[PDB]
Amino acid sequence: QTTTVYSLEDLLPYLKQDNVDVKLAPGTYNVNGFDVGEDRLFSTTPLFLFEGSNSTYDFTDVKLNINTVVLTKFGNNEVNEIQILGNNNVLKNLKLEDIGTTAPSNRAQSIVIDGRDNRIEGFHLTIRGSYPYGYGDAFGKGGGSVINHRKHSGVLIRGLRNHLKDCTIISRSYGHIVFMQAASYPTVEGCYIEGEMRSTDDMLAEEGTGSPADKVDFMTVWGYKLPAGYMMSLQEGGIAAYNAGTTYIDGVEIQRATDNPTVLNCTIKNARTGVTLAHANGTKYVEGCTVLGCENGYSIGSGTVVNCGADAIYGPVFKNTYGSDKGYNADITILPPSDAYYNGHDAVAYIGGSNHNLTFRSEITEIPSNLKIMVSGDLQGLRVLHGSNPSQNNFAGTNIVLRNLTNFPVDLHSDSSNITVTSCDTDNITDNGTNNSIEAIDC
């Protein structure tokens with residue numbers, strides 16, 4: 001029943017059909033600029049548009065090389081390499097690599113998952129080609145940028161009950177690695193997700209070169225000159241959910257927030273955030289995850305983070321996003337450093353909002369003097385200085401259980417109230433709050 005094809009040309013008609021079982025034969029397939037045009041292999045974008053439903057596509061031992069010049073061959077329009085519009089499809093085992101670093105004319109996504117009940121499993125994706133590449137989001141990630149951007153993100157999960165499973169996603173592009181827009185019940189499971197980092201000090205060393213950042217005197221979109229002493233991802237979110245998107249399911253165009261996301265047994269390295277789901281609605285659940293060398297570890301707003309780890313070399317392992325955060329329950333291990341420390345945020349965690357139950361565990365004995373668990377206060381976060389992003393900083397925390405099974409110090413700010421703290425040591429706890437309880441635990 002499986003049909004095997006031996007070229008991209010013979011693959012494309014099956015994408016339009018329902019209930020097919022198709023295999024693209026092992027080999028290397030190249031997509032170049034000359035493959036785009038009216039009489040060419042790819043006359044439209046998305047390049048591979050999966051419109052059928054109830055189909056299975058096997059890409060075992062397939063290497064698909066897409067030249068990044070293709071991101072410029074469709075005018076000033078978004079280019080998606082793969083988009084799934086149908087339902088109940090399974091795509092497996094493709095190795096997809098962007099060749100070169102040519103930026104999109106507008107913007108690009110490697111994979112977009114619409115429809116419902118689709119699964120992409122076992123893919124190996126390498127994302128390349130974006131502008132500007134080397135500043136993270138310092139000079140703009142949305143409208144009103146200081147340096148105008150041509151972003152290129154990895155996997156965009158939308159639709160309903162769509163599933164990214166056992167994939168490796170490597171990004172060397174300015175964009176999210178895995179993100180969700182208008183996705184209901186998305187699941188990310190068993191994935192390895194990886195960006196790369198650059199220090200703000202290395203960016204500031206562009207002074208006098210005539211670089212794009214040098215020409216704006218390093219004035220960030222946050223309203224201040226780029227501060228020294230931070231490590232930034234060149235990517236955006238590793239696994240990030242946003243509240244405003246459009247998706248299509250069964251011909252219906254839907255504009256909604258992401259809801260009910262689940263993230264299981266993923267490892268996320270060198271992204272702006274490990275897992276951020278604060279903007280998603282419904283039930284948020286994160287379990288078994290490992291976050292290494294990200295600017296922020298876990299920020300889900302409300303829900304459960306359990307049996308998860310993060311190191312603190314570049315930023316806090318935990319952050320409450322807003323003072324509106326309620327019901328965030330977490331059990332997070334602060335992992336040994338994956339690399340040298342370079343944490344300009346002066347915090348291992350920033351806690352606020354209300355009715356949280358937070359446990360931190362760690363075997364670390366070598367504690368950098370600037371790292372502390374903060375409950376309320378003025379976070380020295382890269383994007384929240386000098387009143388920038390004001391709702392994400394300087395807010396109160398009330399009625400929170402904090403179980404500090406670590407050697408990290410704790411600072412309870414004046415805006416903290418009714419914090420129930422238990423800690424291995426109470427001598428390194430500063431309490432300036434109201435009606436807080438501090439009790440010692442024996443290891």
# chains A, B, ... in the order shown; residues from 1 in each chain; ligands from 1
$ residues_around --residues "residue A:8" --least-positions-apart "2" --cutoff "12 Å" --atoms "only C-alpha atoms" --output "VMD selection string"
chain A and resid 4 to 6 10 to 15 23 to 31 35 40 to 42 47 to 48 59 62 to 65
$ residues_around --residues "residue A:86" --least-positions-apart "4" --cutoff "6 Å" --atoms "only C-alpha atoms" --output "VMD selection string"
chain A and resid 51 to 53 115
$ write_last_selection --atoms "C-alpha atoms" --output "mmCIF file, in the first residue's frame"
data_model
loop_
_atom_site.group_PDB
_atom_site.id
_atom_site.type_symbol
_atom_site.label_atom_id
_atom_site.label_comp_id
_atom_site.auth_asym_id
_atom_site.auth_seq_id
_atom_site.Cartn_x
_atom_site.Cartn_y
_atom_site.Cartn_z
ATOM 1 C CA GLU A 51 -3.509 19.745 1.845
ATOM 2 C CA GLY A 52 -4.624 16.128 2.122
ATOM 3 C CA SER A 53 -5.800 14.370 5.263
ATOM 4 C CA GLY A 115 -5.359 21.579 10.680
#
$ residues_around --residues "residue A:122" --least-positions-apart "4" --cutoff "6 Å" --atoms "only C-alpha atoms" --output "VMD selection string"
chain A and resid 92 to 93 166 to 167
$ closest_residue --among "A:351, A:188, A:147, A:84" --to "residue A:219" --atoms "only C-alpha atoms"
A:147
$ residues_around --residues "stretch 352-366 of chain A" --least-positions-apart "4" --cutoff "7 Å" --atoms "only C-alpha atoms" --output "PyMOL selection string"
chain A and resi 320+322-336+375-376+395-407
$ closest_residue --among "A:180, A:232, A:239, A:71" --to "residue A:342" --atoms "only C-alpha atoms"
A:232
$ atom_distance --atom1 "atom CA of residue A:185" --atom2 "atom CA of residue A:154"
19.2 Å
$ closest_residue --among "A:231, A:49, A:310, A:286" --to "residue A:381" --atoms "only C-alpha atoms"
A:231
$ residues_around --residues "residue A:34" --least-positions-apart "5" --cutoff "12 Å" --atoms "only C-alpha atoms" --output "list in words"
residues 39, 40, 41, 42, 43, 66, 67, 69, 70, 72 and 73 of chain A
$ write_last_selection --atoms "N, CA, C and O atoms" --output "PDB file, in the first residue's frame"
ATOM      1  N   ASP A  39       7.122  27.590 -14.675  1.00  0.00           N
ATOM      2  CA  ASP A  39       7.362  26.296 -15.298  1.00  0.00           C
ATOM      3  C   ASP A  39       8.357  25.456 -14.508  1.00  0.00           C
ATOM      4  O   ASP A  39       8.916  24.491 -15.045  1.00  0.00           O
ATOM      5  N   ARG A  40       8.580  25.798 -13.244  1.00  0.00           N
ATOM      6  CA  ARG A  40       9.565  25.139 -12.402  1.00  0.00           C
ATOM      7  C   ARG A  40       8.879  24.262 -11.360  1.00  0.00           C
ATOM      8  O   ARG A  40       7.654  24.252 -11.217  1.00  0.00           O
ATOM      9  N   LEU A  41       9.707  23.513 -10.631  1.00  0.00           N
ATOM     10  CA  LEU A  41       9.208  22.584  -9.622  1.00  0.00           C
ATOM     11  C   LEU A  41       8.252  23.267  -8.644  1.00  0.00           C
ATOM     12  O   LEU A  41       7.183  22.730  -8.326  1.00  0.00           O
ATOM     13  N   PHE A  42       8.613  24.458  -8.174  1.00  0.00           N
ATOM     14  CA  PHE A  42       7.884  25.156  -7.114  1.00  0.00           C
ATOM     15  C   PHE A  42       7.380  26.490  -7.653  1.00  0.00           C
ATOM     16  O   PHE A  42       8.106  27.489  -7.631  1.00  0.00           O
ATOM     17  N   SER A  43       6.131  26.528  -8.105  1.00  0.00           N
ATOM     18  CA  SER A  43       5.576  27.765  -8.637  1.00  0.00           C
ATOM     19  C   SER A  43       4.969  28.661  -7.564  1.00  0.00           C
ATOM     20  O   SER A  43       4.703  29.833  -7.839  1.00  0.00           O
ATOM     21  N   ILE A  66      17.583  22.925   1.131  1.00  0.00           N
ATOM     22  CA  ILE A  66      16.890  24.066   0.539  1.00  0.00           C
ATOM     23  C   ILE A  66      17.827  25.264   0.558  1.00  0.00           C
ATOM     24  O   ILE A  66      18.225  25.737   1.629  1.00  0.00           O
ATOM     25  N   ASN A  67      18.180  25.761  -0.623  1.00  0.00           N
ATOM     26  CA  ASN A  67      19.017  26.950  -0.682  1.00  0.00           C
ATOM     27  C   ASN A  67      18.241  28.152  -0.152  1.00  0.00           C
ATOM     28  O   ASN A  67      17.096  28.383  -0.543  1.00  0.00           O
ATOM     29  N   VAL A  69      18.396  31.136  -0.854  1.00  0.00           N
ATOM     30  CA  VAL A  69      17.979  32.096  -1.881  1.00  0.00           C
ATOM     31  C   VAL A  69      16.509  31.925  -2.231  1.00  0.00           C
ATOM     32  O   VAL A  69      15.864  32.873  -2.701  1.00  0.00           O
ATOM     33  N   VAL A  70      15.956  30.732  -2.002  1.00  0.00           N
ATOM     34  CA  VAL A  70      14.552  30.472  -2.298  1.00  0.00           C
ATOM     35  C   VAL A  70      13.650  31.368  -1.460  1.00  0.00           C
ATOM     36  O   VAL A  70      12.537  31.710  -1.879  1.00  0.00           O
ATOM     37  N   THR A  72      13.903  34.359  -1.175  1.00  0.00           N
ATOM     38  CA  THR A  72      13.826  35.637  -1.873  1.00  0.00           C
ATOM     39  C   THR A  72      13.139  35.537  -3.225  1.00  0.00           C
ATOM     40  O   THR A  72      13.071  36.539  -3.942  1.00  0.00           O
ATOM     41  N   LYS A  73      12.629  34.367  -3.595  1.00  0.00           N
ATOM     42  CA  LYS A  73      12.147  34.136  -4.950  1.00  0.00           C
ATOM     43  C   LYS A  73      10.636  34.289  -5.085  1.00  0.00           C
ATOM     44  O   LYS A  73      10.094  34.038  -6.169  1.00  0.00           O
TER      45      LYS A  73
END
$ residues_around --residues "residue A:155" --least-positions-apart "5" --cutoff "9 Å" --atoms "only C-alpha atoms" --output "short mmCIF file (atom, residue, chain, number, x, y, z; two decimals) with N, CA, C and O atoms, in the first residue's frame"
data_model
loop_
_atom_site.label_atom_id
_atom_site.label_comp_id
_atom_site.auth_asym_id
_atom_site.auth_seq_id
_atom_site.Cartn_x
_atom_site.Cartn_y
_atom_site.Cartn_z
N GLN A 109 9.14 30.75 7.67
CA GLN A 109 9.02 29.68 8.65
C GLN A 109 9.40 28.38 7.97
O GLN A 109 9.07 28.15 6.81
N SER A 110 10.09 27.50 8.71
CA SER A 110 10.44 26.21 8.12
C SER A 110 9.22 25.31 8.02
O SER A 110 8.94 24.73 6.96
N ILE A 111 8.45 25.20 9.11
CA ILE A 111 7.29 24.33 9.16
C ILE A 111 6.16 25.06 9.87
O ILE A 111 6.37 25.66 10.92
N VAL A 112 4.95 24.99 9.30
CA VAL A 112 3.74 25.54 9.89
C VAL A 112 2.70 24.43 9.95
O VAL A 112 2.37 23.84 8.91
N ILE A 113 2.18 24.15 11.14
CA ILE A 113 1.24 23.04 11.31
C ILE A 113 -0.13 23.62 11.64
O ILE A 113 -0.41 24.01 12.78
N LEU A 164 4.49 17.71 17.84
CA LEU A 164 5.88 17.66 17.41
C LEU A 164 6.61 16.68 18.33
O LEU A 164 6.64 16.89 19.54
N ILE A 169 15.80 20.27 16.39
CA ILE A 169 15.62 21.56 15.72
C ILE A 169 16.81 22.43 16.09
O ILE A 169 16.92 22.89 17.24
N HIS A 176 11.98 32.48 16.26
CA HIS A 176 11.73 31.45 17.27
C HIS A 176 12.23 30.11 16.74
O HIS A 176 12.35 29.94 15.54
N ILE A 177 12.48 29.20 17.66
CA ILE A 177 12.88 27.86 17.23
C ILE A 177 11.61 27.02 17.13
O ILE A 177 11.27 26.54 16.05
N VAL A 178 10.88 26.86 18.24
CA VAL A 178 9.55 26.25 18.21
C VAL A 178 8.59 27.23 18.86
O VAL A 178 8.84 27.70 19.97
N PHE A 179 7.51 27.57 18.16
CA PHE A 179 6.54 28.44 18.81
C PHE A 179 5.12 28.06 18.39
O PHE A 179 4.90 27.30 17.45
N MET A 180 4.17 28.58 19.16
CA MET A 180 2.76 28.23 19.02
C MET A 180 1.97 29.52 18.83
O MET A 180 2.20 30.49 19.55
#
$ atom_distance --atom1 "atom CA of residue A:149" --atom2 "atom CA of residue A:228"
22.8 Å
$ residues_around --residues "residue A:125" --least-positions-apart "4" --cutoff "7 Å" --atoms "only C-alpha atoms" --output "list in words"
residues 95, 96, 97, 168, 169 and 170 of chain A
$ write_last_selection --atoms "N, CA and C atoms" --output "PDB file, in the first residue's frame"
ATOM      1  N   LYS A  95      15.300  14.883   7.187  1.00  0.00           N
ATOM      2  CA  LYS A  95      16.396  15.783   7.531  1.00  0.00           C
ATOM      3  C   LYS A  95      16.368  16.952   6.552  1.00  0.00           C
ATOM      4  N   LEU A  96      16.035  18.135   7.061  1.00  0.00           N
ATOM      5  CA  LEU A  96      15.871  19.341   6.258  1.00  0.00           C
ATOM      6  C   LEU A  96      16.922  20.359   6.692  1.00  0.00           C
ATOM      7  N   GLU A  97      17.713  20.871   5.739  1.00  0.00           N
ATOM      8  CA  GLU A  97      18.763  21.840   6.057  1.00  0.00           C
ATOM      9  C   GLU A  97      18.665  23.042   5.132  1.00  0.00           C
ATOM     10  N   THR A 168      14.784  17.027  16.293  1.00  0.00           N
ATOM     11  CA  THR A 168      15.955  17.852  16.568  1.00  0.00           C
ATOM     12  C   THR A 168      15.816  19.118  15.733  1.00  0.00           C
ATOM     13  N   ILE A 169      15.801  20.273  16.391  1.00  0.00           N
ATOM     14  CA  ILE A 169      15.621  21.562  15.722  1.00  0.00           C
ATOM     15  C   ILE A 169      16.813  22.433  16.091  1.00  0.00           C
ATOM     16  N   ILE A 170      17.701  22.662  15.127  1.00  0.00           N
ATOM     17  CA  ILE A 170      18.901  23.475  15.301  1.00  0.00           C
ATOM     18  C   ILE A 170      18.689  24.758  14.519  1.00  0.00           C
TER      19      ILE A 170
END
$ select_by_dssp --residues "stretch 207-425 of chain A" --states "helix (DSSP H, G or I)" --output "ChimeraX atom specification"
/A:212-215,385-387,390-392
$ write_last_selection --atoms "C-alpha atoms" --output "PDB file, in the first residue's frame"
ATOM      1  CA  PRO A 212      23.925  48.461  11.971  1.00  0.00           C
ATOM      2  CA  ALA A 213      24.079  48.582  15.785  1.00  0.00           C
ATOM      3  CA  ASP A 214      26.985  51.052  15.731  1.00  0.00           C
ATOM      4  CA  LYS A 215      24.983  53.364  13.467  1.00  0.00           C
ATOM      5  CA  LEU A 385      15.583  47.982  33.035  1.00  0.00           C
ATOM      6  CA  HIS A 386      14.617  51.632  33.458  1.00  0.00           C
ATOM      7  CA  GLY A 387      10.890  50.932  33.284  1.00  0.00           C
ATOM      8  CA  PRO A 390       6.938  47.544  33.209  1.00  0.00           C
ATOM      9  CA  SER A 391       4.288  44.861  33.804  1.00  0.00           C
ATOM     10  CA  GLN A 392       7.081  42.236  33.817  1.00  0.00           C
TER      11      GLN A 392
END
$ decode --residues "stretch 219-240 of chain A" --atoms "N, CA, C and O atoms" --output "mmCIF file, in the first residue's frame"
data_model
loop_
_atom_site.group_PDB
_atom_site.id
_atom_site.type_symbol
_atom_site.label_atom_id
_atom_site.label_comp_id
_atom_site.auth_asym_id
_atom_site.auth_seq_id
_atom_site.Cartn_x
_atom_site.Cartn_y
_atom_site.Cartn_z
ATOM 1 N N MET A 219 21.330 51.899 20.644
ATOM 2 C CA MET A 219 20.057 52.206 21.298
ATOM 3 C C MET A 219 19.072 51.077 21.018
ATOM 4 O O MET A 219 18.659 50.868 19.873
ATOM 5 N N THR A 220 18.688 50.351 22.064
ATOM 6 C CA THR A 220 17.811 49.205 21.911
ATOM 7 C C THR A 220 16.353 49.637 21.790
ATOM 8 O O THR A 220 15.974 50.778 22.093
ATOM 9 N N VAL A 221 15.521 48.689 21.361
ATOM 10 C CA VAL A 221 14.077 48.893 21.378
ATOM 11 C C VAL A 221 13.516 49.024 22.780
ATOM 12 O O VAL A 221 12.362 49.447 22.926
ATOM 13 N N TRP A 222 14.285 48.653 23.808
ATOM 14 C CA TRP A 222 13.834 48.785 25.185
ATOM 15 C C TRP A 222 13.966 50.207 25.706
ATOM 16 O O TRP A 222 13.456 50.500 26.793
ATOM 17 N N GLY A 223 14.619 51.090 24.954
ATOM 18 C CA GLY A 223 14.690 52.495 25.298
ATOM 19 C C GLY A 223 15.971 52.929 25.961
ATOM 20 O O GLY A 223 16.014 54.031 26.519
ATOM 21 N N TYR A 224 17.006 52.091 25.940
ATOM 22 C CA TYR A 224 18.295 52.420 26.521
ATOM 23 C C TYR A 224 19.392 51.776 25.694
ATOM 24 O O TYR A 224 19.164 50.799 24.974
ATOM 25 N N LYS A 225 20.595 52.323 25.830
ATOM 26 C CA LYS A 225 21.760 51.717 25.203
ATOM 27 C C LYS A 225 21.954 50.288 25.698
ATOM 28 O O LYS A 225 21.809 49.996 26.889
ATOM 29 N N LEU A 226 22.289 49.401 24.772
ATOM 30 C CA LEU A 226 22.528 48.004 25.088
ATOM 31 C C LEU A 226 23.482 47.870 26.274
ATOM 32 O O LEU A 226 24.630 48.330 26.193
ATOM 33 N N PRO A 227 23.056 47.268 27.383
ATOM 34 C CA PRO A 227 23.950 47.163 28.542
ATOM 35 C C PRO A 227 24.954 46.035 28.401
ATOM 36 O O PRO A 227 24.655 44.965 27.870
ATOM 37 N N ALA A 228 26.155 46.292 28.903
ATOM 38 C CA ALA A 228 27.186 45.275 28.977
ATOM 39 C C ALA A 228 26.838 44.247 30.050
ATOM 40 O O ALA A 228 26.071 44.513 30.983
ATOM 41 N N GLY A 229 27.404 43.055 29.906
ATOM 42 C CA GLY A 229 27.352 42.049 30.950
ATOM 43 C C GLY A 229 26.268 41.003 30.820
ATOM 44 O O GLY A 229 26.041 40.253 31.777
ATOM 45 N N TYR A 230 25.609 40.912 29.671
ATOM 46 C CA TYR A 230 24.592 39.897 29.445
ATOM 47 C C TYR A 230 24.992 38.960 28.311
ATOM 48 O O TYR A 230 25.765 39.318 27.418
ATOM 49 N N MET A 231 24.438 37.748 28.350
ATOM 50 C CA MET A 231 24.576 36.774 27.269
ATOM 51 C C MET A 231 23.212 36.617 26.611
ATOM 52 O O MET A 231 22.242 36.261 27.284
ATOM 53 N N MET A 232 23.138 36.900 25.312
ATOM 54 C CA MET A 232 21.887 36.847 24.565
ATOM 55 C C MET A 232 21.871 35.660 23.613
ATOM 56 O O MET A 232 22.898 35.278 23.057
ATOM 57 N N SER A 233 20.683 35.103 23.399
ATOM 58 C CA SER A 233 20.513 34.173 22.296
ATOM 59 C C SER A 233 20.394 34.956 20.996
ATOM 60 O O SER A 233 19.849 36.061 20.963
ATOM 61 N N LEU A 234 20.916 34.378 19.916
ATOM 62 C CA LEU A 234 20.656 34.938 18.595
ATOM 63 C C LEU A 234 19.287 34.530 18.070
ATOM 64 O O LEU A 234 18.843 35.058 17.040
ATOM 65 N N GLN A 235 18.669 33.630 18.810
ATOM 66 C CA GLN A 235 17.308 33.192 18.453
ATOM 67 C C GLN A 235 16.297 33.831 19.411
ATOM 68 O O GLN A 235 16.689 34.510 20.321
ATOM 69 N N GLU A 236 15.023 33.554 19.144
ATOM 70 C CA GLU A 236 13.985 33.976 20.098
ATOM 71 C C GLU A 236 13.624 32.764 20.976
ATOM 72 O O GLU A 236 14.509 32.178 21.530
ATOM 73 N N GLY A 237 12.336 32.451 21.097
ATOM 74 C CA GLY A 237 11.931 31.365 22.005
ATOM 75 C C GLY A 237 12.354 29.967 21.607
ATOM 76 O O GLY A 237 12.399 29.694 20.444
ATOM 77 N N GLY A 238 12.744 29.154 22.588
ATOM 78 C CA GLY A 238 12.989 27.732 22.259
ATOM 79 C C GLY A 238 11.660 27.011 22.088
ATOM 80 O O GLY A 238 11.440 26.463 21.041
ATOM 81 N N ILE A 239 10.808 27.086 23.120
ATOM 82 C CA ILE A 239 9.406 26.600 23.028
ATOM 83 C C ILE A 239 8.563 27.736 23.614
ATOM 84 O O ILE A 239 8.587 27.912 24.813
ATOM 85 N N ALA A 240 7.890 28.487 22.752
ATOM 86 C CA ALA A 240 7.169 29.691 23.208
ATOM 87 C C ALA A 240 5.748 29.767 22.641
ATOM 88 O O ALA A 240 5.551 29.434 21.495
#
